[PDB]
Amino acid sequence: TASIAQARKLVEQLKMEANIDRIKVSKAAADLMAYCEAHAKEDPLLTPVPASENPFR
Amino acid sequence: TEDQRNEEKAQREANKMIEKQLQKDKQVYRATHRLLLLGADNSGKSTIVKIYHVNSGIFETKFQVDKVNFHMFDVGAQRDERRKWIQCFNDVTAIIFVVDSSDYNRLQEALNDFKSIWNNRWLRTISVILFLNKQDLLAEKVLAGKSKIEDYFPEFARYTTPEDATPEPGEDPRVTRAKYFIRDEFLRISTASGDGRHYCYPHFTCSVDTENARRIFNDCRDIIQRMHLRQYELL
Amino acid sequence: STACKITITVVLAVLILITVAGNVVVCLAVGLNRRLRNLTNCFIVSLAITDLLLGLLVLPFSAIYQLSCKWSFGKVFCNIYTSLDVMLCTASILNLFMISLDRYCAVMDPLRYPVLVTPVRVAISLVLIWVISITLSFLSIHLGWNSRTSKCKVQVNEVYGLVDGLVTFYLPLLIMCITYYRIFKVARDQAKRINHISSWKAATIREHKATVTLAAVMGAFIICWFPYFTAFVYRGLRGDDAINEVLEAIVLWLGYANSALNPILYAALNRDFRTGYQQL
Amino acid sequence: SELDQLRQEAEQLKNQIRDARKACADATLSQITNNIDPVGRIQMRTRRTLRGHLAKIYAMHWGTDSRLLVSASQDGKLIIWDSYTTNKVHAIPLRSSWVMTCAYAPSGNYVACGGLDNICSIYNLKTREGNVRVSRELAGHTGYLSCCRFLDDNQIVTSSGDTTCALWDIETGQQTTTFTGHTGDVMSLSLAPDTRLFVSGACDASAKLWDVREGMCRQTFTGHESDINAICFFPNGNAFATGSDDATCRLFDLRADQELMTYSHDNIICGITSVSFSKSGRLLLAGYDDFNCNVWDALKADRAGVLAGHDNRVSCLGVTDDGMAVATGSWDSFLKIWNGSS
Amino acid sequence: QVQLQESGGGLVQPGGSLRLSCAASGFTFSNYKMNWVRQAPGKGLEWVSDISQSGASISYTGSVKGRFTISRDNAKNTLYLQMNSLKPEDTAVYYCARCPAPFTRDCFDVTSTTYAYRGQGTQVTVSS
Ligand SMILES: CC(C)CCC[C@@H](C)[C@H]1CC[C@H]2[C@@H]3CC=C4C[C@@H](O)CC[C@]4(C)[C@H]3CC[C@]12C
Ligand SMILES: NCCc1c[nH]cn1
Numbered sequence: 006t007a008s009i010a011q012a013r014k015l016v017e018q019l020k021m022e023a024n025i026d027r028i029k030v031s032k033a034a035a036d037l038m039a040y041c042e043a044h045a046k047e048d049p050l051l052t053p054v055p056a057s058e059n060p061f062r
Numbered sequence: 009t010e011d012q013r014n015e016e017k018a019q020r021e022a023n024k025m026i027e028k029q030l031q032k033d034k035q036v037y038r039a040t041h042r043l044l045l046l047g048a049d050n051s052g053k054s055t056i057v058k062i063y064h065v066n205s206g207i208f209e210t211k212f213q214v215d216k217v218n219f220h221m222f223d224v225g226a227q228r229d230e231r232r233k234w235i236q237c238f239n240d241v242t243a244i245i246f247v248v249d250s251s252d253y264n265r266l267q268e269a270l271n272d273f274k275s276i277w278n279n280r281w282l283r284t285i286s287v288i289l290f291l292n293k294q295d296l297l298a299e300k301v302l303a304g305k306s307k308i309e310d311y312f313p314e315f316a317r318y319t320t321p322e323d324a325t326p327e328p329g330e331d332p333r334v335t336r337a338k339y340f341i342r343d344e345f346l347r348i349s350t351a352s353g354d355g356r357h358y359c360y361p362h363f364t365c366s367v368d369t370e371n372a373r374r375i376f377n378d379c380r381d382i383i384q385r386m387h388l389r390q391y392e393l394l
Numbered sequence: 014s015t016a017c018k019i020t021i022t023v024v025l026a027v028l029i030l031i032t033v034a035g036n037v038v039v040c041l042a043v044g045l046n047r048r049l050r051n052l053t054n055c056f057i058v059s060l061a062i063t064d065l066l067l068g069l070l071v072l073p074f075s076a077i078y079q080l081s082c083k084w085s086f087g088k089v090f091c092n093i094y095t096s097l098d099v100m101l102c103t104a105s106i107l108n109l110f111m112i113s114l115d116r117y118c119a120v121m122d123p124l125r126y127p128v129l130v131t132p133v134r135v136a137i138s139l140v141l142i143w144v145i146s147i148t149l150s151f152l153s154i155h156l157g158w159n160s161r171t172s173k174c175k176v177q178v179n180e181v182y183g184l185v186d187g188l189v190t191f192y193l194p195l196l197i198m199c200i201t202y203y204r205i206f207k208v209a210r211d212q213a214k215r216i217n218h219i220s221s222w223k224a225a226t227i228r229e230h231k232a233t234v235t236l237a238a239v240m241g242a243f244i245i246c247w248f249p250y251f252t253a254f255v256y257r258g259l260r261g262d263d264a265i266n267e268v269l270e271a272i273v274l275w276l277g278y279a280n281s282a283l284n285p286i287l288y289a290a291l292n293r294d295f296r297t298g299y300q301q302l
Numbered sequence: 002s003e004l005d006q007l008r009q010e011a012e013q014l015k016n017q018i019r020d021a022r023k024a025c026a027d028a029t030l031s032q033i034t035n036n037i038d039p040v041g042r043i044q045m046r047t048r049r050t051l052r053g054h055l056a057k058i059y060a061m062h063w064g065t066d067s068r069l070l071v072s073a074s075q076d077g078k079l080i081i082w083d084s085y086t087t088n089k090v091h092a093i094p095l096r097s098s099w100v101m102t103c104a105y106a107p108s109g110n111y112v113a114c115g116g117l118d119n120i121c122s123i124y125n126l127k128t129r130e131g132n133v134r135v136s137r138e139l140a141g142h143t144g145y146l147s148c149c150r151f152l153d154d155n156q157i158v159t160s161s162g163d164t165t166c167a168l169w170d171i172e173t174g175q176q177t178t179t180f181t182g183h184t185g186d187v188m189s190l191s192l193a194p195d196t197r198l199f200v201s202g203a204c205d206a207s208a209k210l211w212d213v214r215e216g217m218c219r220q221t222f223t224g225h226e227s228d229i230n231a232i233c234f235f236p237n238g239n240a241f242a243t244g245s246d247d248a249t250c251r252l253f254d255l256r257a258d259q260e261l262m263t264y265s266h267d268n269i270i271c272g273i274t275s276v277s278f279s280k281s282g283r284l285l286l287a288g289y290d291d292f293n294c295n296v297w298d299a300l301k302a303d304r305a306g307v308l309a310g311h312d313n314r315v316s317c318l319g320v321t322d323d324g325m326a327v328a329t330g331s332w333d334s335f336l337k338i339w340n341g342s343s
Numbered sequence: 001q002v003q004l005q006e007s008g009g010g011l012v013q014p015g016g017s018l019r020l021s022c023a024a025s026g027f028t029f030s031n032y033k034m035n036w037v038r039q040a041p042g043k044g045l046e047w048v049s050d051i052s053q054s055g056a057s058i059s060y061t062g063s064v065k066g067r068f069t070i071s072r073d074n075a076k077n078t079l080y081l082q083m084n085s086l087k088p089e090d091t092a093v094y095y096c097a098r099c100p101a102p103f104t105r106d107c108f109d110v111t112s113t114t115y116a117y118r119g120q121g122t123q124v125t126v127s128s
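Residue numbers (the entry's author numbering), protein chains in the order written: chain C, 6 to 62; chain A, 9 to 58, 62 to 66, 205 to 253, 264 to 394; chain R, 14 to 161, 171 to 302; chain B, 2 to 343; chain N, 1 to 128.
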């Protein structure tokens with residue numbers, strides 16, 4: 006009765022995942038783009054800092 | 009920056025103490041030869057080499214031949230899936246593959272396992288010291304005649320003993336056909352690919368066999384010697 | 014004679030260019046590639062640097078002296094030039110000797126190789142090469158040990183000819199022949215074993231793979247240096263006029279040509295270096 | 002009867018979830034970020050090379066001060082580096098040399114490691130005796146330890162090859178919560194910035210979002226075609242990126258509960274070992290089996306640059322908390338520190 | 001999501017012929033080596049046959065050699081197993097197993113207890 010016990014658990018898990026609230030992909034995509042824009046200046050890898058401010062000269 | 013200078017000297021001094029210890033570990037690491045022991049449950053891989064320490206789930210055997218240290222690692226406490234943890238042993242000297250020769264039902268299973276290890280991208284430069292264990296049981300099975308290899312291996316019907324074969328004295332001709340067909344079954348895999356980067360060293364061994372440590376020592380010498388000869392364009 | 018002199022000048026110029034360019038590539042390959050900076054290549058780099066110094070400090074002055082047939086420069090510089098010639102040639106030959114010994118240990122004792130060729134011994138081996146090279150070249154010439171104005175030939179006497187000949191060339195030659203013949207037998211034995219692994223598969227290793235490689239390594243060393251040291255020993259015993267001037271110039275540049283063959287035999291014929299050139 | 006009916010209900014639920022995700026897939030991240038300008042060419046130089054490991058490096062983790070880092074190698078050595086000076090601060094000899102993961106505690110007082118020994122060992126870096134000692138050995142996993150991350154000085158989350166993740170109480174040595182549901186070896190995990198959630202990627206080609214306090218799987222993310230080897234949260238915690246053996250990197254969104262972008266190239270046919278984000282999240286750095294690290298534009302799926310400085314597999318990489326540098330570990334036994342210049 | 005659906009099979013008299021079909025989805029079918037694995041009642045899973053990515057390389061177990069034929073259709077994303085001259089020893093649940101990684105010659109864990117890239121299986125019965 007291992008398979009029948011596993012089947013109940015797998016079905017029960019899919020019910021929890023199917024009842025979540027989902028936002029639109031456009032809303033989620035915009036939020037990722039907004040966060041990148043706001044923190045762009047403070048990203049040393051994206052915008053390398055002057056050699057005076059680089060600890061790894 | 010007097011305080012900063014004091015810290016820099018202390019950190020520099022601490023580094024030098026570590027490096028001296030690392031130098032000692034380097035000599036110990038390079039002197040030892042590491043081996044991966046692989047085999048199914050039917051194979052008696054645990055009794056292949058006659062210092063055994065159980066470190205967590207990994208069983209380690211340390212044996213010495215002619216003042217050369219060998220550390221054989223046997224992975225015990227893992228799931229049957231192994232494509233991930235097998236990558237930990239991409240730099241071993243050799244892989245010890247142990248096969249139960251008497252078990253015809265699981266013989267193809269060992270061949271499939273040997274095929275995956277031989278053709279894995281991270282084990283393409285690792286030689287395999289193949290041990291065809293339980294040769295005594297194979298002789299009894301062949302002489303009894305109850306089970307036929309041709310039932311599991313139809314090619315064996317048209318197979319003949321190689322001329323280079325060296326049967327043991329007082330050994331039945333039917334036994335040496337079975338012994339070398341199984342060995343050739345593994346050699347078909349090992350000679351298909353490899354491009355001279357790795358070779359398979361097959362040996363016939365029994366449960367009461369005290370020469371297996373020397374065979375590993377001899378094969379490891381051949382493996383490294385062939386690597387050195389190939390590097391100098393001598394092979 | 015004018016046509017011949019132009020032809021000889023080109024050959025000497027090409028020989029210098031090959032020696033300098035061939036050894037710069039070996040030095041550049043090791044410097045650029047991190048994987049090539051290992052203890053195994055220390056003797057190859059040391060050999061390449063020594064041959065590179067010969068191609069810059071000794072070969073240009075040997076070509077000028079050979080073509081002009083006179084030493085325009087001062088006598089004081091002649092002793093320095095001849096000392097550099099002896100030092101760099103002796104160190105180059107002894108570097109080849111250490112390469113053969115290093116390969117002998119790797120092939121013949123593969124299990125204990127990582128612990129027998131520790132970098133301390135590699136540094137010791139290189140130091141002893143130059144200590145002997147300096148002793149035979151600068152100490153001997155400046156103290157008159159090798160002593161018997172337009173000529174700038176390296177002098178030799180009966181005692182110096184035998185000591186320099188045996189230590190620099192003949193003793194290493196005897197050991198290298200024994201070392202490379204034992205490696206030859208092992209390579210041939212391994213080739214036969216690999217070819218006979220299975221009956222259904224054809225031979226994957228050429229039978230003369232080791233024969234060609236070892237005859238090239240030992241043949242170049244013998245051809246380039248045996249006539250020079252045989253003449254060098256004979257000249258010391260029977261005087262400087264015993265050897266013909268033309269013959270002495272031929273055997274001199276044969277030894278110099280060995281520096282142009284070392285980057286090919288020990289780097290171009292190494293699997294690690296050939297793949298290193300691709301990343302360069 | 003009952004078993005046959007239940008497995009049919011799972012298919013109906015899977016179709017229900019797939020339709021729900023398709024309903025909210027109004028646009029594509031590629032379409033949204035088409036207008037924004039590209040990041041250009043990202044050029045990074047090797048500022049530091051960390052030498053001293055004598056075997057393949059399998060894991061690294063930066064400390065929160067962005068200066069100290071810990072690396073693990075299968076020579077049985079845990080090394081703590083001062084990245085500014087390349088000085089070795091500590092060298093911890095491991096009882097089992099088959100280490101696969103290492104973690105630096107956010108406080109900086111502890112490091113953790115573990116591998117094929119199925120144990121997560123905690124090492125105390127701040128002792129009155131002046132040496133690093135084992136403080137805890139967390140036993141309970143029946144497979145190899147693939148990843149571990151501290152939540153604080155007393156809690157750590159581990160992923161194992163026994164298909165489960167666990168949350169441990171270090172002081173008591175017991176796993177308070179067990180996270181089950183993966184059908185393959187869990188290879189990596191990443192903690193959310195608030196440490197209330199964590200994502201894990203397994204060899205069943207799926208990524209699961211777990212609630213730390215509640216202890217159940219909230220969401221399951223599929224879309225990869227092979228084992229997931231690496232996973233990393235987006236800096237705001239609303240997304241994560243994965244790397245698989247199918248030579249692709251995918252960006253999943255938590256709230257949209259679906260994949261947003263794929264980072265793959267036709268030349269790339271090798272597996273991915275490690276993934277990380279830059280401080281702003283605009284750059285996705287991925288390590289590959291072909292010895293290279295590719296810098297991707299997270300928003301536009303463009304290969305911004307390449308870190309080519311290793312002669313063997315790139316096994317791990319990580320970006321400092323301040324975003325100043327990225328470290329890459331490799332099977333060639335070296336670590337390299339990278340950053341750009343103005 | 002990677003999913004494999006085994007179809008075909010059922011009750012066939014000994015000596016009969018049977019064709020199995022495996023429907024592949026969620027992955028680039030042309031990039032993976034495919035396998036057929038069966039599990040006899042009271043026995044563990046065993047490998048039957050495999051076919052390479054392009055179909056050039058094909059292997060079989062010696063117990064089914066000369067009676068089983070494996071073929072694949074990359075365009076159709078489907079895998080086939082033709083089983084003629086069946087035997088009562090061939091009664092087993094047949095599984096369509098995909099090799100874990102693309103562009104590889106090895107195939108490690110297809111015959112494992114819990115393998116993610118293996119289908120639910122189809123039942124083949126030969127006993128009269
Ligand atoms: C790689 C090997 C084959 C290179 C061999 C180079 C030899 C053949 C060439 C290079 C230098 C040349 C010598 C240069 C100068 C002279 C002096 C002249 O009065 C007689 C010819 C003679 C002696 C040449 C003989 C041939 C020579 C020795
Ligand atoms: N031109 C060769 C230099 C030398 C070395 N030993 C004697 N002479």
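All C-beta atoms, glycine included, are put in the ideal place defined by N, C-alpha and C.
- In terms of beta-carbon proximity, C:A23 lines the interface with chain B, with at least one pair separated by less than 8 Å.
- Secondary structure at N:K76: coil, using DSSP grouped into helix, strand and coil.
- Under the 8 Å Cβ criterion, the segment 214-230 of chain B counts as touching the segment 238-249 of chain B, having at least three qualifying pairs.
- Here the alpha carbons of A:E309 and A:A316 stand approximately 6 Å from one another.
- Remark: the shortest separation between the CB of A:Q384 and any heavy atom of ligand 1 does not fall under 7 Å.
- Judged by beta-carbon spacing, B:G115 lies within the 8 Å limit of B:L146, meaning their Cβ atoms are closer than that value.
- These are the residues, in chain order, with a beta carbon less than 7 Å from any non-hydrogen atom of ligand 1: R:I21, R:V24, R:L25, R:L28, R:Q79, R:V268, R:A271, R:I272, R:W275, R:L276, R:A279, R:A282, R:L283.
- Residue pairing for N:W36: DSSP places it in a beta bridge opposite N:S49, N:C96.
- Shown here for A:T335: same chain residues with a beta carbon closer than 7 Å to its own, the five before and five after excluded, namely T320, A324, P326 in chain order.
- Interface annotation, A:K32: not in contact with chain B, CB-CB separation never under 8 Å.
- Residues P107, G109, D322 of the same chain have their beta carbon placed closer than 7 Å to that of B:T65, with the five preceding and five following residues left out of the count.
- Of all residues in the segment 30-47 of chain R, only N46, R47 place a beta-carbon less than 9 Å from a beta-carbon of chain B.
- Excluding five sequence positions before and after R:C82, none of the CB atoms of its chain fall closer than 6 Å to its own CB.
- If you look at B:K89, you'll find it in the beta strand (DSSP E) that goes 88-94.
- In the three-state reduction of the DSSP assignment, A:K211 falls in the strand class, which pools E and B.
- In summary, the residues of the segment 5-33 of chain N whose CB is separated from some CB of chain B by less than 9 Å are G26, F27, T28, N31, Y32, in the order they occur in the chain.
- Under the 8 Å criterion on CB atoms, N:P100 is classed as interfacial with respect to chain A.
- When C-beta atoms of the segment 21-39 of chain R are compared with those of the segment 263-273 of chain R, fewer than three pairs fall below 8 Å, so the two segments do not count as touching.
- By the CB criterion at 8 Å, B:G144 and A:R228 fall inside the cutoff.
- Within the model, the alpha-carbon separation for R:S221 versus N:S49 is close to 26 Å.
- In this structure, the alpha-carbon of B:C148 lies about 36 Å from that of R:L45.
- Proximity of chain N to A:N279 at the Cβ level (cut-off 7 Å) is accounted for by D106, in chain order.
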